[PDB]
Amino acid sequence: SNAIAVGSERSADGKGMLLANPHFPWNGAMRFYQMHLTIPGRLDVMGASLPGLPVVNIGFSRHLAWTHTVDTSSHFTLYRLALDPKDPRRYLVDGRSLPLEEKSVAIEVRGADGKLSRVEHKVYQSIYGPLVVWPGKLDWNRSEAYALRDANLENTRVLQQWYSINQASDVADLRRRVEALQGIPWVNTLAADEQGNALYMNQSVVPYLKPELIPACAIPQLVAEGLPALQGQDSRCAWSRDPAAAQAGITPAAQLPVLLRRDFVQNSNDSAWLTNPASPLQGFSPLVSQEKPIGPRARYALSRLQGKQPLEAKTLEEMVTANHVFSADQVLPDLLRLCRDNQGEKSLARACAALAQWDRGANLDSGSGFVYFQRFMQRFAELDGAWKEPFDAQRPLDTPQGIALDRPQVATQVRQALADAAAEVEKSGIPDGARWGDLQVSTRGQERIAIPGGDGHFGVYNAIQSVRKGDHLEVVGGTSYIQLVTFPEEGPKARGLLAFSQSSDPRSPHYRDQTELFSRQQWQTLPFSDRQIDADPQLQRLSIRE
């Protein structure tokens, strides 16, 4: 997901502005749906929501727009259990042997013969929660096992939370409402209001452990790789209690990252750290936020947002619709130099041609250079010490950068990676002169629609994840609900689309209408006022009761 909130000090009109570009599945239980909700006098909010929820999840109201992105905070902890040496179904806490609890569930299974039979399954549970097995990583042997404590299992506040967000007047109100309830499960919240405030909140349900407990309560092997894991044989590694927290064992709101500015805040699924580099967010629990290198999407956005020029709605739109493959900025210049250094190597010919001709985009009419670049980058990712300038904590925006071609071993490995990438691209049955839009599609009935955008891991702000199906890449997730909101005098001006359209049913008039528009990148008015709604030549009305 991406989010940018712009404040009074940077917007072209001196008021708030928000770009909402969440990256979510195109199918299933997390498929966004547009709606506008009004109880005249006390609720008027519009945006999009997930299936089955009678609230707006990402949206706007008269003076406020808000959105969300997936945070890097932990919302659970694994507990490594020390097992009773005499019984692997018992575990030790403070050296005392405790029995695991058993909860059986019974499931009906439809058989080959069309009849039902009953399967019973035992779920083992500790005081922390259920046991989990990842073969070869988190085993359950005679010495140890792993249990999982999920912080959101006790979060009964989630629906009230979004209903409250829906009623929020401005940024300050939104912040009070979220900090009071702490019902948000696993997302950041970014917002802008009419007065020109820009808010970032890393305000979600996060396991709390007092700072002095971490060095001894962490599982050192697992924290390296960023898995939240604690020592489950010591009672002092229970989540810490603090009366200010809305829920027992969670981090109090005052201890979670918040940034309130009048210039800008952004997030692209990295931690709170560089929300705005002028004011780094630091010193939080490792369960909350760490100073890790940022992904190429955030790096791209920061390259567009830094400086002193005013930001226009159009600028934020084009950050999405440009389809720029920002990862290309870091490696393509040097990759092209290596290409020139190997002129007349038959194996590299087609790849170097494609890459030099490439517009560096994931547009419908982008050349096969994108496909070569992708397969190269997958291999480049797994080479050691190949960066000319590796990640530099003191220059987190501009590193890593370039290929260390001056090292002979690197130059050999990079050229080999390019040859390997080219071979793979050429094996697949890509027609001559075929473009990115010829490959990446969304299927609608027996038809296909070309979809612009590319994987977020290549720094395409317009992130689109696709999988191979027959002769094409089928879009499965990414850019979904788009809203771009400004606040001119008459009322909120909202512009956007729902990429995959309102309806998942092929029979619907609204199965592909917005998908056609997304293909052509033609964003539309999101009508909110009675005046806007009434101007719509397609207006239909039905009143229902029972």
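Superpose the two forms; the largest set of C-alphas matching within 1.5 Å is the rigid core. When you see a residue number, it is the position in the sequence shown, counting from 1.
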note = 112-120 or 430-438, the stretch lying farther from the shown form in 8 other deposited structures of this protein by root mean square CA distance over structures and residues, after core fitting, is 430-438
481-489 set against 24-32, stretch whose average Cα temperature factor tops the other in the entry = 481-489
Mean Cα B-factor comparison, 370-378 or 166-174, giving the higher one as deposited = 370-378
ask   = Which of these, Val205, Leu81, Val187, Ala353, has its C-alpha atom at the highest B-factor, as the entry lists it?
value = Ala353
key: Top Cα B factor in the deposited entry, candidates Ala192, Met201, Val133, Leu397   = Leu397
message = Lowest, middle or highest third: which one holds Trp387 when the chain's residues are ordered by CA B-factor from the entry?
response = highest
request  = Tell me, lowest, middle or highest third: where does the Cα B factor of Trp436 rank within its chain?
outcome  = highest
ask   = Hey, what third does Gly429 fall into on Cα B-factor, ranked over its chain?
value = highest
query = Ranked by Cα temperature factor within the chain, is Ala218 in the lowest third, the middle third or the highest third?
reply = middle
Chain third (lowest, middle, highest) by recorded CA B-factor, residue given as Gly344 = highest
